[PDB]
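Student:
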Amino acid sequence: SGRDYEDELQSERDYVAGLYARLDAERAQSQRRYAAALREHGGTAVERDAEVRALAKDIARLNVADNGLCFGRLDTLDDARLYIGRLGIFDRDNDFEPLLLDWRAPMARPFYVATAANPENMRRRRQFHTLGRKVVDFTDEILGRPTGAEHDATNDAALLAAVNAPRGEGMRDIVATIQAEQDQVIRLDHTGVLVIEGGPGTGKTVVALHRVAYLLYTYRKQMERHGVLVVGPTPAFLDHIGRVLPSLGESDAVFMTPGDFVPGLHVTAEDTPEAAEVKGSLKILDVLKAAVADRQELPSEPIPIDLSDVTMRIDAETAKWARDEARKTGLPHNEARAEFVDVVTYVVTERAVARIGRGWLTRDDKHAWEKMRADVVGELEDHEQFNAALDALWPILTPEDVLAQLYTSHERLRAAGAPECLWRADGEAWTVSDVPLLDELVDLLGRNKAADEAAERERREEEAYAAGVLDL
Amino acid sequence: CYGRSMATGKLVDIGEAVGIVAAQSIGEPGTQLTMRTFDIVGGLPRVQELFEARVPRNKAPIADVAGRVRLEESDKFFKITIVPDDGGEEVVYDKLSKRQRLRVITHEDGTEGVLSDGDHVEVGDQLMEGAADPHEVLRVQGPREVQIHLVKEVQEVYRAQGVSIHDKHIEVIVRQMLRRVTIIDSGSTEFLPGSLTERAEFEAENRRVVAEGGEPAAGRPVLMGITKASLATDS
Amino acid sequence: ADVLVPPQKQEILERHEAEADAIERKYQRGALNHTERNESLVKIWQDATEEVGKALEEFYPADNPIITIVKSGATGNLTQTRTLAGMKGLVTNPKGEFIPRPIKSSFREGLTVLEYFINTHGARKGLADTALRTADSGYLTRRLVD
Amino acid sequence: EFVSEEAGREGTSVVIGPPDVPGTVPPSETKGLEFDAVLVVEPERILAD
C-alpha cells in the first residue's frame, strides 16, 4: 500500500481514460455514419445494407470492448511499452503506432506464453483488475529476478528475493531452478492430462493457472467455445482463483466444487461419514443398477382388469416376460417403460380378443384390426388402474428419489448388494458423496417422451390461458 | 378523431376506408428499408417485430415504479435496485448483461451521459439501451401508453430511413392491435372467462346491466399482433 | 469533356496509399491481425472517396449539366457523380463484407479487368434480392390489410 | 491478542481451530489458500478428529 503504487495506478488510469476516449469517439462517428447511411447513403440498396451491417458490427465490437478494455501491459528489455486489450487502437497520425494491442496479435504473445526462464524479449508483465471501466489494482510479474515489487496479490516477488541458503552448488542458484521447473510445466507440449503433484510453498496453483493461459492461447481455436472448468474445495478458494486468474481471452471459466456438479443445488459439505467411502468407488454402479431394478417390481397379487368383459390378464408370467424383454434392449429405465407397455398391451389384447370377445371363427379383418383396436384403445385410456398399475410396476422415477427410497427402506438396500452403513434417517440430507450418484442416475434412467409431451402441452395451455386462449 | 384527409386536404368524409389507406401508405415505402440477411438493423424486421407484439432480442427492462436507483455491477453483470419515493417495496433487475451497456440519456444540458446511481426514474422509463417489451409497458403503464410507445418506435424506424407517414395510420393499426379484453370474472353477464371479447361490446354489456348493477363483468386488456388480431375476428 | 476529373485525385490516392503501406508494414511486423488490418484499410479508403467527392464538388462549375441535373433536384446525386468522374471506391464481396482493395478508377478512366470483376458481386446480389424485398414488403402489407 | 496485533499488520491473519470453539474456523476451508500469519490452537483435538 505504498505511494509509488498510487503514482503508477493514476498514470495507468489516465492512459486507459485516453483509450476509452478514443473508443467513445469512434462509436460517435460510427453512429453518425450509420444514421447517414440509413437515411440516404446516395448509392444502391445492397451497398446500403453492407455499410449498415459493417457499422453495426463496429458499434457492437466497441460496445463490448467497453467492458475490460486493457488486460495488461508489457515492458520489454529495450523499454518499449505495450498495452494489451480486446481491441486494437492505433494512432493514424504517427504511422499507426500501437496504442493498444489486440491479444490475438503475433506481438502480444509474450503475455500468455512468456515465463521467467524462456521469455521472448520481456522484462515485466502487468495485469489490471477492472470492473467495467476502472482500473482497481494491478499486479506485476517480473520475468527474471525480483528485488521488491509494490503489489502482486501473491507477493511472489519479495519471497523469490529473500532466499538465504548456504553457498555452494546450492541447488544451482535456488531461483533459477524454480524458474526452470515452472517453465517446464508451462511450456510443455502434451495437450492431455498433466499432474503437478508438488507440495506446500511452491506456488503450484499459480503455475497451473499460467499453464491454462498458455493452453487457452495456443489452442484458442478448439477451445474458446468450450470453456475452462475449475473445480475446488471451497468458494473462498474459488474466488481467490477468479481474482488472480489470467486473461483466458474471449473465453470464460466455470467455477465449481464437489457438491455443485449438479445443475441447481449447492451442497454445503454435509460430508456423510467414512462408510460412504464405498460411494467414492465404482462398485457402487452395480448397486445403482441393482437399485434401479428393484423398482421394476413384480406383481405378487394379480392386478384386476375391468375392460368391461376381460379378466385380469397381467400376472407374474406377463410382468416377468415384459420386464425381461425390457431389460433385453440395452437402454435406460424411463425409456424402457415403452417396451414394458408395448408387451403388456400386446399380450393383453392379442391374447384377450381371441378368448373373451367371442373366440374363434374369424382369422382376418376382425381379429387383426377391429377387436385389436378396441382393446388397445380401451387400455391406453385407463389412466386410473392400468396406468396406476404400470406406475406401480415400472415407475417413472428420478434420481432425487431413488437415493431416498433406498437409503431408508433397508430392504430395497439389501436387494441391491448394498451394505448397511449407508442407511440414514432422512433420505434427502444430500451430502457430497451422493452428488455424483445423482449425475450417474440421469444416464441410467434417462428421460421419457410421453410425459414430456403432456407436460409441455399443459404448460403451453397454461401460458395461453393467462393471456388469451385460442391456440390451435 | 381521425382528422383531415391528406388527399382532399379537408376533413375526412363519412364512409372513407382509412385502414386500407394506412396499410398501403406503410407498405409502399417498404422496399426503401433495410431488411434481413438472405433488431440490430431496425428496418422491416423491427416493424414486423412491433405490429406482431413480439418480445425483442435486445429487450430492455423498464421501471415498474418511480424513485431513485442503487446501481451495483459485477463481472459481466449489472444489478439495479429502485428505491421508490412513496416508501414501499423496492424492485430489482439483477441479471443485466453488461453487453447492453446502459441507458445513456444525453440530457439537454450538463452532458448527463450514462444512467447512474442516485439518479431518478419515472415509471415506464428504460434502464438499458435497447427496446422495451410492449406487454411490460402494457401492465405497468397501460394501454394508451402502449399505443403511443408503439407509434413512437415505428415512426422512429421510418424517419431514420427517410419515409414520411403521418402517425394516424400507425394509430389505426395499433388501435386495432389493442382492441380486445380477456375476461376474468364474468360477473352477471353472458360471458365466459378466458374468452376474448371486443372492448366496446364489453363496455356496452357491463354498462346496460344496471339491474342489480353491483357486480359486473371484469376484464383485462391484452396486446395482440396483426395476425392473431385477424384470427380473433367476430365475423 | 463535360465529365471533368479533379486534378487533386492523384495526391489524395497517394497520400492514402502511404497509410496503407504503413498498415501493411505493421501487419508484417506482427502488431496487427489480418482482420483489424482490413478494417483499417477500409476506414482509410472510405475517406479518400469523401475527399474526392468534395474536390469534385469544389471543382465542377455550376453551369455544368452533370451538376445541374443533380443540384436542381431533377435526378441523381453526387455519389454517382463521384463514381463517374472520381472513383467507385470500395465494393462488396458476394458474402456482403468489403474488399480492402478499392477501385481507384472511374467509369470515365475505365475500370481494369479485376476491378470490373469484383464489381459484379454486389450487382448480381441486387438483381437477385430485388424480388425477395418486394415479397417481404407485400407480406407486411397483406397482414396490415387483413 | 494475536488478532488485534495482526490488525496492526497489513496481512491476512486467519485463525484455525476445532468447530466447538467460537471465532476460529476449521482447517478444511484453508484447504488451498495462503495467509500471512496463522495461529492454530488445540493441535490434538484436530489431530484426533
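Protein chains in written order, with the authors' numbering: chain A, 2 to 473; chain B, 977 to 1014, 1024 to 1220; chain C, 733 to 878; chain D, 639 to 687.
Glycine residues also receive a C-beta, built at the ideal position from the N, C-alpha and C atoms.
Smallest Cα separation from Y871(C): which of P1030(B), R1160(B) and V1166(B)?
Tutor: If we check each option's Cα against that of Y871(C), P1030(B) comes out closest.
Student: Would you mind telling me which residues of chain C sit closer than 9 angstroms to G1003(B), beta carbon to beta carbon, in chain order?
Tutor: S869, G870, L872, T873, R874, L876 and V877, listed in chain order.
Student: So for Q1111(B), helix, strand or coil by DSSP?
Tutor: Of the three classes helix, strand and coil, the one that applies to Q1111(B) here is strand, per DSSP.
Student: Note down the Cα distance separating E336(A) from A416(A), rounded to an integer number of angstroms.
Tutor: So the two alpha carbons sit approximately 23 angstroms from each other.
Student: Can you list, in chain order, the stretches of the alpha helix (DSSP H) that have 4 or more residues and sit fully within the region 259-337 of chain A?
Tutor: Qualifying alpha helix (DSSP H) stretches, in chain order: 285-292 and 317-328.
Student: Take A294(A) as the anchor and find which of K329(A), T203(A), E318(A) and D141(A) has the nearest alpha-carbon.
Tutor: Among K329(A), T203(A), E318(A) and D141(A), the Cα nearest to that of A294(A) belongs to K329(A).
Student: When the Cβ atoms of the region 1140-1148 of chain B are set against those of the region 1025-1041 of chain B, are three or more pairs found closer than 8 angstroms?
Tutor: As far as the Cβ criterion goes, the region 1140-1148 of chain B touches the region 1025-1041 of chain B, which means the pair count is three or higher.
Student: Nearest-angstrom Cα distance between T1096(B) and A37(A)?
Tutor: Answer to the nearest angstrom: the Cα atoms are 23 angstroms apart.
Student: When DSSP labels each residue in this structure, what does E749(C) get in the three-state scheme?
Tutor: If DSSP states are grouped into helix, strand and coil, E749(C) belongs with the helices.
Student: Name the residue from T432(A), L391(A), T219(A) and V311(A) whose alpha carbon lies nearest to the alpha carbon of residue 538(A).
Tutor: Shown here, chain A extends from 2 to 473; a query on residue 538(A) therefore has no answer.
Student: Does the region 177-192 of chain A come into contact with the region 116-128 of chain A, if we say contact requires no fewer than three beta-carbon pairs (one atom in each stretch) closer than 8 angstroms?
Tutor: Taking 8 angstroms as the limit for Cβ pairs, the verdict is that the region 116-128 of chain A does touch the region 177-192 of chain A.
Student: Counting only runs that start and end within the region 133-197 of chain A, where is the beta strand (DSSP E) found for 3 or more residues in a row?
Tutor: Taking only runs of at least 3 residues, the beta strand (DSSP E) segments lying wholly in the region 133-197 of chain A are 136-141.
Student: Using a Cβ cut-off of 8 angstroms, pull out every chain B residue sitting near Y466(A), in sequence order please.
Tutor: In chain order: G1179.
Student: Classify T1091(B) as buried or exposed, calling it buried when 16 or more other Cβ atoms lie within 10 Å of its own Cβ.
Tutor: With fewer than 16 Cβ atoms within 10 Å of its Cβ, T1091(B) is classed as exposed.
Student: Whose C-alpha, out of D376(A), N449(A), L289(A) and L24(A), is nearest the C-alpha of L439(A)?
Tutor: Closest by alpha carbon: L289(A).
Student: Looking at C-alpha atoms only, which residue of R1160(B), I990(B), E1074(B) and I1002(B) is the closest neighbour of residue 1017(B)?
Tutor: The structure shown gives no position for residue 1017(B): in chain B, residue numbering passes from 1014 to 1024 with nothing in between.
Student: Distance, Cα to Cα, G842(C) vs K820(C)?
Tutor: Going by the C-alpha atoms only, they are around 11 angstroms apart.
Student: The region 241-263 of chain A: which residues have C-beta closer than 7 angstroms to a C-beta of chain D, in chain order?
Tutor: Result list: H241.
Student: What are the start and end residues of each continuous beta strand (DSSP E) run of 3 or more residues lying completely inside the region 773-857 of chain C, in chain order?
Tutor: As far as the region 773-857 of chain C is concerned, it has no whole beta strand (DSSP E) run of at least 3 residues.
Student: Considering only DSSP beta bridges, list what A1203(B) is partnered with.
Tutor: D1170(B), per the DSSP bridge assignment.
Student: Do we get a CB-CB distance below 8 angstroms when we pair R856(C) with the residues of chain B?
Tutor: Not closer than 8 angstroms to any Cβ of chain B, the Cβ of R856(C) fails to qualify, so no.
Student: Sorted by chain position, which residues of the same chain lie with C-beta nearer than 6 angstroms to residue 511(A)'s C-beta, five sequence neighbours on each side aside?
Tutor: In the structure as shown, chain A begins at 2 and stops at 473. Residue 511(A) is therefore absent and cannot be evaluated.
Student: By the criterion of Cβ-Cβ separation under 8 angstroms, what are the contact partners of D67(A) in chain B?
Tutor: Ordered by position in chain B, the residues that pass the 8 angstroms Cβ test against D67(A) are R1086.
Student: Give the residues of chain B in contact with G133(A), contact being defined as C-beta atoms less than 8 angstroms apart.
Tutor: Those within 8 angstroms of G133(A) in chain B are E1058 and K1083.
Student: Would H42(A) and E52(A) qualify as a contact pair, given that the criterion is a beta-carbon distance under 8 angstroms?
Tutor: Yes; because the gap between Cβ atoms is below 8 angstroms, this pair is in contact.
Student: Given 8 angstroms as the limit, is there contact between the region 133-145 of chain A and the region 5-21 of chain A, that is, 3 or more CB pairs closer than that?
Tutor: Flag = yes, the region 133-145 of chain A and the region 5-21 of chain A touch.
Student: Using only the alpha-carbon positions, how far apart do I996(B) and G1204(B) sit?
Tutor: Each residue's Cα considered, the two are about 30 angstroms apart.
Student: Step through the CB atoms of chain D and report whether any lies within less than 8 angstroms of the CB of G233(A).
Tutor: So yes, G233(A) belongs to the interface.
Student: Spell out the partners DSSP gives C71(A) in its beta bridges.
Tutor: Looking at the DSSP assignment, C71(A) forms a beta bridge with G86(A).
Student: Pick from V114(A), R146(A), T77(A) and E151(A): whose alpha carbon is nearest that of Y6(A)?
Tutor: Of the candidates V114(A), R146(A), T77(A) and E151(A), the one whose C-alpha sits nearest the C-alpha of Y6(A) is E151(A).
Student: What is the rounded straight-line gap between the Cα of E1004(B) and the Cα of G1210(B)?
Tutor: Approximately 21 angstroms, taken between the alpha carbons.
Student: Quick one, are the C-beta atoms of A317(A) and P300(A) less than 8 angstroms apart?
Tutor: Yes, these two residues count as a Cβ contact at 8 angstroms.
Student: Helix, strand or coil: which one does DSSP assign to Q1085(B)?
Tutor: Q1085(B) falls in the coil class under three-state DSSP.
Student: Could you confirm whether any beta carbon from chain A is found closer than 8 angstroms to the beta carbon of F849(C)?
Tutor: Not one chain A Cβ lies under 8 angstroms of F849(C).
Student: Exposed or buried, what is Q1132(B) when buried is set at 16 or more other beta-carbons lying within 10 Å of its beta-carbon?
Tutor: Its Cβ being crowded by 16 or more others within 10 Å, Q1132(B) is buried.
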